Each structure stands twice: as C-alpha cells, then as structure tokens.
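Each residue of the first sequence is one higher than the one before, starting from 189 at the first, in the authors' numbering. C-beta atoms are modelled at their ideal positions from N, C-alpha and C, and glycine is treated no differently. The structure appears below as structure tokens.
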Amino acid sequence: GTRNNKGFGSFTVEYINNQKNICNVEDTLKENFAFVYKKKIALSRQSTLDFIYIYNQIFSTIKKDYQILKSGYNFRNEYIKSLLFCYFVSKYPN
RNA sequence: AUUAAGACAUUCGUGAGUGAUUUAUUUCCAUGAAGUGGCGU
C-alpha cells in the first residue's frame, strides 16, 4: 500500500491450506534483513478499544522515532538533534 | 463424250451435373498508484 515503509500494510499468514502456520516473526526478520530492532510499546490497560488507542500510539511513535533520525523534534521545550546530522559530524569528513 | 454426270462429312447435342474457403489457434505475456515530508533548533 501507500507509505508501506512506515508499517501501513502489515499482513501475516494464519492458515495454509487449513493448517495453522507457526512462523516465529523474530527469526524470520533476522534471516532476511541486515539489522532488526524491537520497540516495547506501552502495554496500557483498557485493551478493548484495540483499534484506535493502540494504532494512534504506534503511528505517532513511528513518526516520533522517524523524525529523530531524519531531521529532529522541535515542539514545546523539547529538542532532539537529527541523529543523521549527528552521525556525519562524528565521522572524518565532518 | 472420256468405266461418265449429279452429291457440303452432314443432322440432332448447354462443359454440364454434386461441392460451405472451411478446420485448428485465449490480444495475451512482464509491470507496486507509488515516492518524499518541510519549518518553527
């Protein structure tokens, strides 16, 4: 789908020809990708509004986390420097 | 006046009768409606 790289079209397989699939997500990502990181989302209670409350946190966090590596955060009195910018200052070409 | 004289190889007669330019053949193969955030430090 559109903007798929930010996690908008995630699907998983449940039944293959009426057989329950047991595929560990961690090692499946390990073999296919060079680097894999896991983020612990806040296991807030009232997990009955599964759709909106969880989705809003996850995508706000992704926008938060992605707009840390690329550019920075500039809102209220809270500033995180661009990690990409910090990365290139550290190295030799500066 | 001489084995001679006269005598259309002619009459009638449809190149016609039966016959499907038809049978077989995928306008199909490949292809992300996707990409990116920016400024207010």
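Reducing DSSP to helix, strand and coil, say where residue i ends up.
| i | result |
| --- | --- |
| residue 155 | Coverage of the chain is limited to positions 189 through 282, which leaves residue 155 absent and any answer about it impossible. |
| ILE204 | coil |
| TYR280 | coil |
Among the options, which has the Cα closest to the Cα of residue i?
| i | options | result |
| --- | --- | --- |
| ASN192 | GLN207, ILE250, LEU231, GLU266 | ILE250 |
| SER232 | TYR225, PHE223, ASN244 | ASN244 |
| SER270 | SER278, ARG264, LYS258, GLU214 | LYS258 |
Report all residues from its chain with a CB closer than 8 Å to the CB of residue i; omit the five preceding and five following residues, and keep chain order.
| i | result |
| --- | --- |
| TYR261 | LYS252, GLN255, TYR267, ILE268 |
| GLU202 | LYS208, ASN209 |
| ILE246 | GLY195, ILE229 |
So, at 7 Å on beta carbons, what are the nonlocal neighbours of residue i in its own chain, with the 5 sequence-adjacent residues on each side left out?
| i | result |
| --- | --- |
| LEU272 | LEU257, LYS258 |
TODO: Indicate whether the contact test is met: 3 or more Cβ pairs, each with one atom in the segment 229-242 and one in the segment 211-221, closer than 8 Å.
DONE: With the cut-off at 8 Å, the segment 229-242 and the segment 211-221 do not touch.
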